[PDB]
Amino acid sequence: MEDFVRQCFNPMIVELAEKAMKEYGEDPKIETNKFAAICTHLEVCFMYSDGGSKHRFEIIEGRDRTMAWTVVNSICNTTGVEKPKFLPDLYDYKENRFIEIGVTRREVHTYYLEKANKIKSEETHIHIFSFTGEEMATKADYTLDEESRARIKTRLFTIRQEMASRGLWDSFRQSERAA
Ligand SMILES: O=C(O)c1cccc(O)c1O
Ligand SMILES: [Mn+2]
Ligand SMILES: [Mn+2]
């Protein structure tokens, strides 16, 4: 699974996933499902940020925590928008809201609800993707056009097939359940 992650995602994503795990005391070589999952989440965040007009999104995910918070604070202080309790992934300059992006191996609505009650925000938009083509967003406002979301769904499905074809998919699907 480790080698699969390293040849499936680009070096930059891999490097950001390694950092993120080291910060939390996890080992990429041992917890290889969480490694893959983190790479996946990062990829989706970047595709998503790319999905609109070329400067629509402040990218929050992938940065160092302290700089992420600094950027978050600048947005709040300049837009008025309320300050999130947890680090979101993106800010949408067009719609004036932060976005939390989720990717689940379980049901979209389950994840959506866990994520919603964790953040406690009538402002932060939530957008969940699955490895089965499903998506759920706050007030069914999917932010992006169809094409951009579709591209993401396809990519996710390819990752699932690529894993499946190596027999790593079951272990990966179950592991989000074990957490
Ligand atoms: O920001 C995170 O750390 C995070 C952790 C787990 C799942 C996520 O979607 C995240 O954005
Ligand atoms: Mn995040
Ligand atoms: Mn997220």
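Each ligand, and each atom within it, is numbered from 1 in the order the structure gives. Numbering starts at 1 and runs along the sequence shown.
Under the 30°/60° scheme for interplanar angles, the aromatic rings of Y91 and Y93 are found to stand perpendicular.
Look at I38 and you'll find every heavy atom at least 4.0 Å from all atoms of ligand 1.
Residue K115 holds the heavy atom nearest to atom 9 (O) of ligand 1 of all those in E23, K118, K115.
Heavy atoms of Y111 found under 4.0 angstrom from ligand 1 belong exclusively to the side chain. Here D89 has side-chain heavy atoms under 4.0 Å from ligand 1, and that is the only part of it that gets that close.
Ranking the protein heavy atoms by distance from atom 1 (O) of ligand 1 puts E61 OE1, 4.0 Å first.
Applying the salt bridge (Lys or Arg N to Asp or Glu O under 4.0 Å) definition to pairs two or more places apart or across chains, those involving residues 165-179 are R105-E176, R106-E176, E107-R177, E162-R166.
Remark: the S121 side chain and the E123 side chain contain no N/O donor-acceptor pair separated by less than 3.5 Å. For the residue pair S148/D145, the side-chain donor-acceptor check at 3.5 Å is satisfied. Using modelled atom types, one finds no donor on one side chain facing an acceptor on the other under 3.5 Å when comparing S130 with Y111.
A salt bridge does not link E114 with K118: every distance from a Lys NZ or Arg NE/NH1/NH2 to an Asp or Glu carboxylate oxygen is 4.0 Å or more. Between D64 and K19 there is a salt bridge, since a side-chain N of the basic residue sits under 4.0 Å from a carboxylate O of the acidic one.
Every atom of ligand 1 is numbered from 1 in the order shown, and the set under 4.0 Å from a heavy atom of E100 is 9 (O), 11 (O). Set against the non-hydrogen atoms of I101, the atoms of ligand 1 under 4.0 Å away are 9 (O).
A cation-pi arrangement is absent between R151 and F129, since the terminal nitrogen or guanidinium carbon is not both under 6.0 Å from the aromatic centre and inside a 45° cone about the axis.
If you run side chain to side chain donor-acceptor pair (under 3.5 Å) between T143 and each of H127, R149, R97, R56, only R97 comes through.
Atom OG1 of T124 sits about 8.5 Å away from atom NZ of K85, to the nearest 0.5 Å.
Near-neighbour remark for the Mn ion (ligand 2): protein N, O or S atoms under 2.8 Å are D89 OD1; waters not counted.
Within 4.0 Å of atom 5 (C) of ligand 1, not a single protein heavy atom is present.
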